[PDB]
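All residue numbers refer to positions in the sequence shown, counting from 1.
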Amino acid sequence: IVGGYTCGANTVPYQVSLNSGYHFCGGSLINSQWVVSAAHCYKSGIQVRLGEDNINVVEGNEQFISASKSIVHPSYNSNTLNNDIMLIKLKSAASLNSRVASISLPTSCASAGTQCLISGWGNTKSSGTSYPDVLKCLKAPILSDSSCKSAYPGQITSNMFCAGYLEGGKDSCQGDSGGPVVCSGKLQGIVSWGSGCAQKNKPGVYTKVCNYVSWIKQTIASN
Ligand SMILES: NC(=[NH2+])c1ccc2[nH]c(-c3ncccc3[O-])nc2c1
Ligand SMILES: [Ca+2]
């Protein structure tokens, strides 16, 4: 997260860290056994880490659970990143409490101007790598579709939305992928891509979760 602030331990209880011997992507807990992240974060050997704040120290509240299966959207295209969503089923359910909690899926899409909270342990520099030990937060608005398409002409599909600041300085970055964009208490976006980090006129692009709620429900129901 570039231009963000320290969230505070366990203030974002649905945030998860996907670990394969090191933190590689973020994710969101939507029920005690399922997590939603990005299809480009897929790999085998994933351990889901819940209740985390400092990813390099065990401080208490952490629950490490292995993934039983990862379901990448069948129409995910790795070249355009269209349908960049993946569901991970956990080997055992998580114990939910005030530090580990699920986030609700939306009933409607959000409109431009809506302010959202993006969080993650991704890079905090737009030029160079500085990865933090604790969770960072950033409040960003969803942008209008014209500003998004004017920023990435021909690269935005209807399953993507831009959120961020065109003046630059604040944005999500590498390491944040798969993580949550929460607006009014609902999961509305998944950190997907962007051109560099916090660059002027290059806002972050996110998976538009409201278009996948029926798919998420049907898939969890049959797995
Ligand atoms: N500007 C953004 N909102 C953004 C978000 C996620 C990213 N992930 C990456 C990224 N991921 C994997 C390898 C290289 C990258 O620059 N860049 C990213 C940029
Ligand atoms: Ca820790």
Among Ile, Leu, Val, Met, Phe, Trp and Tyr joined by side-chain contacts under 4.5 Å, find the other residues sharing a cluster with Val191 and list them by chain and number. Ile1, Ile118, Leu138, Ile142, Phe161, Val181, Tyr206
Is the centre of the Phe24 ring less than 6.0 Å from the centre of the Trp121 ring? no
Got a sec, which pairs hit disulfide bond (SG atoms under 2.5 Å apart) with one end in residues 64-132, sequence neighbours left out? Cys109-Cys210, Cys116-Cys183
Check step by step if side chain to side chain donor-acceptor pair (under 3.5 Å) holds for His40 and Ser177. CA-CA 8 Å; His40 73 262; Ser177 306; 3.2 Å; yes
Could you check whether any side-chain heavy atom of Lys208 comes within less than 4.5 Å of a side-chain heavy atom of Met160, counting everything from C-beta outward? no
Linking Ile, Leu, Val, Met, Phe, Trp and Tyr by side-chain heavy atoms under 4.5 Å, what else ends up with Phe64? none
Report yes if some heavy atom in the side chain of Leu29 is under 4.5 Å from a heavy atom in the side chain of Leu96; otherwise report no. yes
Other cluster members, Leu143 - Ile/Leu/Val/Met/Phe/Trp/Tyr, side-chain contacts below 4.5 Å: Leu166
Atom pair OG (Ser104) and CG (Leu187), whose distance is rounded to the nearest 0.5 Å: 9.0 Å
Taking atom types as modelled, find out whether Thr6 and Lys136 have a side-chain donor-acceptor pair closer than 3.5 angstrom. yes
With sequence neighbours left out, the residues meeting ring-ring contact (aromatic ring centres under 6.0 Å, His included) with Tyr131 are none
Donor-acceptor side-chain pairing of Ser147 and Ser150 below 3.5 angstrom: no
Would a 4.5 Å heavy-atom cut-off, applied to side chains only, mark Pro180 and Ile103 as touching? no
Might you point out which heavy atoms bring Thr219 and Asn223 nearest each other, and give the distance in Å? O-ND2, 3.0 Å
Any side-chain donor near an acceptor of the partner, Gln47 and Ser66, under 3.5 Å: no
The side-chain contact (heavy atoms from CB on, under 4.5 Å) partner of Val209 among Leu105, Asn159, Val36 is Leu105
For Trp34, ring-ring contact (aromatic ring centres under 6.0 Å, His included) partners two or more places apart: none
Would you say the side chain of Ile30 lies within less than 4.5 Å of the side chain of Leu87, judging by non-hydrogen atoms? yes
When you check the side-chain N and O atoms of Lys43 and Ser20, is any donor under 3.5 Å from an acceptor? yes
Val2 vs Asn123 side-chain heavy atoms within contact, under 4.5 Å: no
Please examine the side chains of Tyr165 and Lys200, heavy atoms only from C-beta on, and report whether any two atoms are closer than 4.5 Å. no
Between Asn82 and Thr157, is any side-chain donor less than 3.5 angstrom from a side-chain acceptor? yes
To the nearest 0.5 Å, how far apart are OG in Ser32 and CG in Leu90? 8.0 Å
